[PDB]
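Enquirer: This is the structure alone, sequence omitted:
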Ligand SMILES: COC(=O)c1cc(C)cc(O)c1C(=O)c1c(O)cccc1O
Ligand SMILES: COC(=O)c1cc(C)cc(O)c1C(=O)c1c(O)cccc1O
């Protein structure tokens, strides 16, 4: 398992790419197989593969302006090649103001330079309203692109 | 900062006491001024202090029958005297079946033997229904006890 400071460097580049709020910046630290699973398991939100998130994040970021990320807690388990962060976010969306908070579990690859698995719990009351707004927005971008 | 194995021992006792589901077993790792904070911050849930916890847990535990804890993930940051765990639970309650899942952030005291701060995010759809039900059930116990 890679040295702490290398994993920690991956964590920071993930958070900074998140704050930078472009697809390429944020997805730079995700491996090709990195899955994102929404917790709790009981909410039955299907795990999301990399083709899914590569298609979502451009659309998602385009409808969140003044995105500000705030990191409250980094728990680094260098021996286990693992981490957990707590973050909060705000943005303006086509649907009104957006706020969220995130408990995020990360796993790194052997080299400690990519994130390989993501599991996350968020503000489910924010998401109950926003996920369907986002899904219909995504479908509208899809249809609009296929036409042209 | 205490050695990693001593901090890990408190984690293991915390989860084992939780599993054993008695006020004494679970609380043995809680420092005497340890606070419990519900995330997200945006839901503005007041800190539960140790006295609140000591009154709540005997009632709460008494209406959760067949309680089962499953631990999914332990993120230990010995260098920062911190940790994060992910757990899920089931039980039978007088309000029907119960399921919950917890992303818990733990801080230890200097000795690494007590837990000093708890911040957790849970299944907010469980808690939306359960929390008022437990609050009314707790008031009823306090009333029934007073008049004896
Ligand atoms: C800020 O947005 C992110 O890129 C994001 C990133 C991470 C690591 C977890 C998330 O929960 C989100 C998210 O907020 C989100 C969403 O709000 C709607 C659909 C999918 C998502 O991933
Ligand atoms: C299983 O119960 C616990 O002792 C418990 C314990 C921890 C570490 C987090 C919790 O969220 C709970 C809880 O589930 C709970 C509840 O369901 C209602 C009121 C207070 C609580 O702490």
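Expert: Everything's here; your move. Numbers count the residues shown, from 1 in each chain, chains lettered A, B, ... in the order given. Ligands and ions are numbered 1, 2, ... in the order given.
Enquirer: make it CA atoms for all contacts and neighbour counts henceforth
Expert: Fine.
Enquirer: the inter-axis angle of the biggest helix by length in chain A versus helix B:124-146?
Expert: Secondary structure assigned by DSSP state H gives helix A:124-147 as the longest helix of chain A. Angle between the axes of helix A:124-147 and helix B:124-146 is 170 degrees (criterion: axes from the mean of the first three to the mean of the last three Cα atoms, to 10 degrees).
Enquirer: outside of helix A:124-147, which residues touch it?
Expert: Under the criterion Cα atoms under 8 Å, 6 or more residues apart in numbering or on different chains, residues A:56, A:59-60, A:95, A:98-100, B:124-125 lie in contact with helix A:124-147.
Enquirer: For that helix, what is the distance to the chain centroid?
Expert: 16 Å (Cα atoms, centre = their mean, to the nearest Å).
Enquirer: follow-up on the earlier one: return a PyMOL selection command for the buried portion of the contacts of helix A:124-147.
Expert: Per 16 or more other Cα atoms under 10 Å in any protein chain shown, the buried members of the contacts of helix A:124-147 correspond to this PyMOL selection:
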select buried, (chain A and resi 59+60+98+99+100) or (chain B and resi 124)
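Enquirer: Quick one: the contacts of helix A:124-147 as CSV, columns for distance to residue B:74 and secondary structure too.
Expert: CSV is the format used below for the contacts of helix A:124-147 (distance: Cα to Cα, whole Å; DSSP: H, G, I helix; E, B strand; the rest coil):
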residue, distance to residue B:74, secondary structure
A:56, 30, helix
A:59, 34, helix
A:60, 31, helix
A:95, 37, coil
A:98, 31, strand
A:99, 27, strand
A:100, 24, strand
B:124, 22, helix
B:125, 24, helix
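Enquirer: want to throw the contacts of helix A:124-147 into CSV with distance to residue B:45?
Expert: Shown next, in CSV, are the contacts of helix A:124-147 (distance: Cα to Cα, whole Å):
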residue, distance to residue B:45
A:56, 32
A:59, 33
A:60, 29
A:95, 26
A:98, 20
A:99, 16
A:100, 15
B:124, 12
B:125, 15
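Enquirer: How about the residues of chain A by chain B?
Expert: A:40-41, A:75-78, A:80, A:82-84, A:101, A:103, A:121-125 (Cα under 8 Å from any Cα of the partner chain).
Enquirer: which among the residues you listed end up buried?
Expert: Buried, going by 16+ other Cα under 10 Å: A:40-41, A:75-78, A:82-84, A:101, A:103, A:121-124, out of the residues of chain A next to chain B.
Enquirer: And the furthest pair within those?
Expert: The span of these, defined through Cα to Cα, is set by A:78 and A:124 at 29.6 Å.
Enquirer: which secondary structure element contains residue A:18?
Expert: Per DSSP states H and E, residue A:18 falls inside helix A:4-20.
Enquirer: tell me what that helix is packed against?
Expert: When contacts are defined as 3 or more Cα pairs under 8 Å, 6 or more residues apart in numbering or on different chains; DSSP states H and E, helix A:4-20 packs onto helix A:23-27, strand A:65-77.
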